[PDB]
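Heads up, upload-v8.csv below (CSV, C-alpha atoms):
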chain,number,residue,atom,x,y,z
A,7,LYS,CA,-19.5,-23.7,9.1
A,8,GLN,CA,-19.4,-20.1,10.2
A,9,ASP,CA,-16.3,-18.9,8.4
A,10,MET,CA,-15.5,-15.7,6.7
A,11,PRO,CA,-15.1,-15.3,2.9
A,12,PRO,CA,-17.9,-13.1,1.6
A,13,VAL,CA,-19.6,-13.7,-1.7
A,14,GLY,CA,-19.3,-10.2,-3.1
A,15,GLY,CA,-18.8,-6.5,-2.6
A,16,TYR,CA,-15.4,-5.2,-3.5
A,17,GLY,CA,-13.7,-2.1,-4.9
A,18,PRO,CA,-10.9,-1.8,-4.8
A,19,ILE,CA,-9.4,1.5,-3.8
A,20,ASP,CA,-6.9,2.8,-6.3
A,21,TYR,CA,-3.2,2.4,-6.4
A,22,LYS,CA,-3.3,5.5,-8.5
A,23,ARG,CA,-1.3,8.7,-7.7
A,24,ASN,CA,-2.6,11.9,-9.3
A,25,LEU,CA,-4.0,15.3,-8.3
A,26,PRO,CA,-3.1,17.8,-11.1
A,27,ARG,CA,-5.3,20.7,-9.9
A,28,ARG,CA,-3.5,23.4,-11.8
A,29,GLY,CA,-3.7,26.2,-11.2
A,30,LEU,CA,-3.3,29.1,-13.7
A,31,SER,CA,0.1,28.2,-15.1
A,32,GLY,CA,2.0,29.3,-18.2
A,33,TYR,CA,2.3,33.1,-18.6
A,34,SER,CA,-1.1,33.6,-16.9
A,35,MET,CA,1.2,34.1,-13.9
A,36,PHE,CA,3.5,37.1,-14.0
A,37,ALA,CA,0.5,38.9,-15.5
A,38,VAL,CA,-1.4,39.6,-12.3
A,39,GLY,CA,1.9,40.5,-10.7
A,40,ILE,CA,3.0,43.3,-13.0
A,41,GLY,CA,-0.3,45.0,-13.5
A,42,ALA,CA,-1.1,45.2,-9.8
A,43,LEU,CA,2.4,46.4,-9.1
A,44,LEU,CA,2.1,49.4,-11.5
A,45,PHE,CA,-1.4,49.9,-10.1
A,46,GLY,CA,0.4,50.7,-6.8
A,47,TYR,CA,2.7,53.1,-8.6
A,48,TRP,CA,-0.4,54.5,-10.3
A,49,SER,CA,-1.8,55.2,-6.8
A,50,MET,CA,1.3,57.3,-6.4
A,51,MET,CA,1.6,60.8,-8.1
A,52,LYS,CA,-2.0,61.4,-7.0
A,53,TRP,CA,-1.0,61.4,-3.3
A,54,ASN,CA,2.6,62.4,-3.1
A,55,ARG,CA,2.1,65.2,-5.6
A,56,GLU,CA,-1.0,66.0,-3.7
A,57,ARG,CA,0.9,66.0,-0.4
A,58,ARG,CA,3.6,68.1,-2.1
A,59,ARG,CA,0.8,70.6,-2.9
A,60,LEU,CA,0.0,70.7,0.8
A,61,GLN,CA,3.7,70.8,1.6
A,62,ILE,CA,4.1,74.2,-0.1
A,63,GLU,CA,0.8,75.2,1.7
A,64,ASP,CA,2.4,74.3,5.0
A,65,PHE,CA,5.5,76.3,4.3
A,66,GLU,CA,3.3,79.1,3.0
A,67,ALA,CA,2.1,80.0,6.5
A,68,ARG,CA,5.7,80.2,7.8
A,69,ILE,CA,6.8,82.7,5.2
A,70,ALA,CA,3.7,84.9,5.3
A,71,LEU,CA,4.2,85.8,8.9
A,72,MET,CA,7.7,86.5,10.5
A,73,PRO,CA,8.2,90.0,9.8
B,249,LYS,CA,-10.8,1.3,0.7
B,250,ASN,CA,-10.0,4.6,2.5
B,251,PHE,CA,-6.2,4.4,2.7
B,252,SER,CA,-4.9,5.7,-0.6
B,253,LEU,CA,-6.2,9.1,0.2
B,254,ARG,CA,-3.9,9.2,3.2
B,255,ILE,CA,-0.9,8.2,1.2
B,256,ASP,CA,-1.9,11.0,-1.3
B,257,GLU,CA,-1.5,13.4,1.6
B,258,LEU,CA,2.2,12.8,2.2
B,259,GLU,CA,2.7,13.0,-1.6
B,260,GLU,CA,1.6,16.6,-1.3
B,261,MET,CA,3.6,17.0,1.9
B,262,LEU,CA,7.0,15.8,0.7
B,263,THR,CA,7.3,14.8,-2.9
B,264,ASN,CA,6.4,18.1,-4.7
B,265,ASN,CA,8.1,20.1,-2.0
B,266,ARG,CA,11.5,21.5,-2.8
B,267,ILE,CA,13.2,22.0,0.6
B,268,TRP,CA,12.8,18.4,1.6
B,269,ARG,CA,14.0,17.5,-1.8
B,270,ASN,CA,16.9,19.9,-1.3
B,271,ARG,CA,17.4,18.3,2.1
B,272,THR,CA,17.9,15.0,0.5
B,273,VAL,CA,19.4,14.7,-3.0
B,274,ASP,CA,22.8,13.1,-3.8
B,275,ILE,CA,23.3,12.1,-0.1
B,276,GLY,CA,24.6,8.7,0.5
B,277,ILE,CA,25.6,7.9,-3.1
B,278,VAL,CA,26.6,4.3,-2.7
B,279,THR,CA,26.0,2.4,-5.9
B,280,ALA,CA,29.1,0.3,-6.8
B,281,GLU,CA,29.7,-3.4,-6.3
B,282,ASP,CA,30.8,-2.7,-2.8
B,283,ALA,CA,27.2,-1.7,-2.3
B,284,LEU,CA,26.6,-5.5,-2.7
B,285,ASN,CA,30.0,-6.7,-1.3
B,286,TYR,CA,28.9,-5.1,2.0
B,287,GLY,CA,26.1,-7.6,1.9
B,288,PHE,CA,23.1,-5.3,1.9
B,289,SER,CA,19.6,-6.6,1.8
B,290,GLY,CA,16.7,-4.7,0.0
B,291,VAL,CA,15.9,-1.1,-0.2
B,292,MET,CA,19.3,0.3,-0.1
B,293,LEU,CA,19.5,-2.2,-2.9
B,294,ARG,CA,17.3,-2.5,-6.0
B,295,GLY,CA,15.9,1.0,-5.7
B,296,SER,CA,19.6,1.7,-6.1
B,297,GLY,CA,20.1,-0.5,-9.2
B,298,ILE,CA,20.4,-4.2,-9.1
B,299,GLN,CA,17.0,-5.9,-9.6
B,300,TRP,CA,16.6,-8.7,-7.1
B,301,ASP,CA,14.2,-9.6,-4.3
B,302,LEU,CA,13.1,-12.5,-2.2
B,303,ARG,CA,9.4,-11.9,-3.0
B,304,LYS,CA,9.0,-13.5,-6.5
B,305,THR,CA,12.2,-15.6,-6.9
B,306,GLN,CA,11.6,-17.5,-3.7
B,307,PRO,CA,8.1,-18.6,-2.6
B,308,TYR,CA,6.8,-18.7,1.0
B,309,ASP,CA,3.1,-19.9,0.9
B,310,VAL,CA,0.4,-18.9,-1.6
B,311,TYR,CA,2.4,-15.8,-2.4
B,312,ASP,CA,3.2,-16.2,-6.1
B,313,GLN,CA,-0.5,-16.5,-7.1
B,314,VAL,CA,-1.0,-12.8,-6.6
B,315,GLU,CA,0.1,-10.0,-8.9
B,316,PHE,CA,2.2,-7.0,-8.1
B,317,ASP,CA,5.3,-5.2,-9.2
B,318,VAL,CA,8.5,-4.1,-7.3
B,319,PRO,CA,9.8,-0.5,-7.4
B,320,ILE,CA,13.1,0.6,-8.8
B,321,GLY,CA,14.5,4.1,-8.2
B,322,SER,CA,16.9,5.9,-10.6
B,323,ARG,CA,20.2,6.7,-8.9
B,324,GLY,CA,21.9,5.4,-5.8
B,325,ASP,CA,21.1,8.1,-3.2
B,326,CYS,CA,18.6,8.3,-0.3
B,327,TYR,CA,15.9,10.1,-2.3
B,328,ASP,CA,16.0,7.2,-4.8
B,329,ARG,CA,15.6,4.8,-2.0
B,330,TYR,CA,12.9,6.9,-0.4
B,331,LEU,CA,10.7,6.6,-3.5
B,332,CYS,CA,10.6,2.8,-3.1
B,333,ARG,CA,8.6,3.2,0.0
B,334,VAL,CA,5.8,5.3,-1.5
B,335,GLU,CA,5.3,2.7,-4.3
B,336,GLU,CA,5.8,-0.1,-1.8
B,337,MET,CA,2.7,1.0,0.2
B,338,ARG,CA,0.9,1.3,-3.1
B,339,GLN,CA,1.5,-2.5,-3.6
B,340,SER,CA,0.3,-3.8,-0.3
B,341,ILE,CA,-3.2,-2.3,-0.9
B,342,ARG,CA,-3.4,-4.2,-4.2
B,343,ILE,CA,-2.4,-7.5,-2.6
B,344,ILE,CA,-4.9,-7.2,0.3
B,345,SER,CA,-7.6,-6.3,-2.3
B,346,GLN,CA,-6.4,-9.4,-4.2
B,347,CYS,CA,-6.1,-11.8,-1.2
B,348,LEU,CA,-9.6,-11.3,0.1
B,349,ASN,CA,-11.2,-12.6,-3.1
B,350,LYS,CA,-9.4,-16.0,-2.9
B,351,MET,CA,-9.7,-17.4,0.6
B,352,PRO,CA,-11.5,-20.8,0.9
B,353,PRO,CA,-13.2,-22.1,4.0
B,354,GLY,CA,-11.3,-24.8,5.8
B,355,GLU,CA,-9.5,-25.7,9.0
B,356,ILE,CA,-6.8,-24.0,11.1
Please re-express this file's structure in structure tokens.
Amino acid sequence: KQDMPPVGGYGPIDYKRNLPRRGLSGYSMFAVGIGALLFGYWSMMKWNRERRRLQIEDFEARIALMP
Amino acid sequence: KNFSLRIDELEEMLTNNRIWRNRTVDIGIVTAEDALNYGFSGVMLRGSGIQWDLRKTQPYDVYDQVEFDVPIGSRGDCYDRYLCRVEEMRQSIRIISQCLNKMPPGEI
């Protein structure tokens, strides 16, 4: 008399197949790429030109002496 | 009840990936009537084309009294016999969740 089949309690689990967790698509990408890229170029011309100012300063001490 | 999450893992691991797709597309394109004159059985059959199986044209036991479908892929390569096996495991979960509701007590 002690056999298995239970009265209730069932799901089931799915046979489904989906995980569309997107994801900033469709022209939202290529937008964070370009602006941060020119931001790095914007970081230039305030350092290389600044080091160029120090570069003439470095060559200044050479020319002032040597007579 | 906790298995379809594990098959959703390998879907992220292989299906949407490109390199493994690039590792197997258009490889083993055998689709003609010599794909059946060679006497092949299932997958490397019906997933390449010809719909036929021994699972609902020929009974075994109480096996027709459950509901399911059989996968078919598009072309006749390995990647369209690979995608039988993802859907095939998505059928055995249904059948087990259908078989448990229908068992009577009895003898052995």
Distance table requested - chain B against chain A, cut-off 9 Å, all atoms listed in the file: one row per qualifying residue with the closest atom pair and its distance in Å to one decimal, ordered by chain and rising residue number, as a Markdown table.
| residue | atom | partner | partner_atom | distance |
| --- | --- | --- | --- | --- |
| B:249 | CA | A:19 | CA | 4.7 |
| B:250 | CA | A:19 | CA | 7.0 |
| B:251 | CA | A:19 | CA | 7.8 |
| B:252 | CA | A:20 | CA | 6.7 |
| B:255 | CA | A:23 | CA | 8.9 |
| B:256 | CA | A:23 | CA | 6.8 |
| B:259 | CA | A:23 | CA | 8.5 |
| B:335 | CA | A:21 | CA | 8.8 |
| B:337 | CA | A:21 | CA | 9.0 |
| B:338 | CA | A:21 | CA | 5.4 |
| B:339 | CA | A:21 | CA | 7.3 |
| B:341 | CA | A:21 | CA | 7.2 |
| B:342 | CA | A:21 | CA | 7.0 |
| B:345 | CA | A:18 | CA | 6.1 |
| B:346 | CA | A:18 | CA | 8.9 |
| B:348 | CA | A:11 | CA | 7.4 |
| B:349 | CA | A:11 | CA | 7.6 |
| B:350 | CA | A:11 | CA | 8.2 |
| B:351 | CA | A:11 | CA | 6.2 |
| B:352 | CA | A:11 | CA | 6.9 |
| B:353 | CA | A:9 | CA | 6.3 |
| B:354 | CA | A:9 | CA | 8.2 |
Exercise: segment 272-283 of chain B partners within 9 Å, only C-alpha atoms, chain neighbours under 3 positions left out, as an NGL selection string: :B and (267-269 or 286-288 or 292-293 or 296-297 or 323-328)
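As for atom CA of residue 312 of chain B and atom CA of residue 334 of chain B, they are spaced 22.1 Å apart.
Here atom CA of residue 333 of chain B is placed at a distance of 10.1 Å from atom CA of residue 321 of chain B.
In this model, the gap between atom CA of residue 301 of chain B and atom CA of residue 320 of chain B comes to 11.2 Å.
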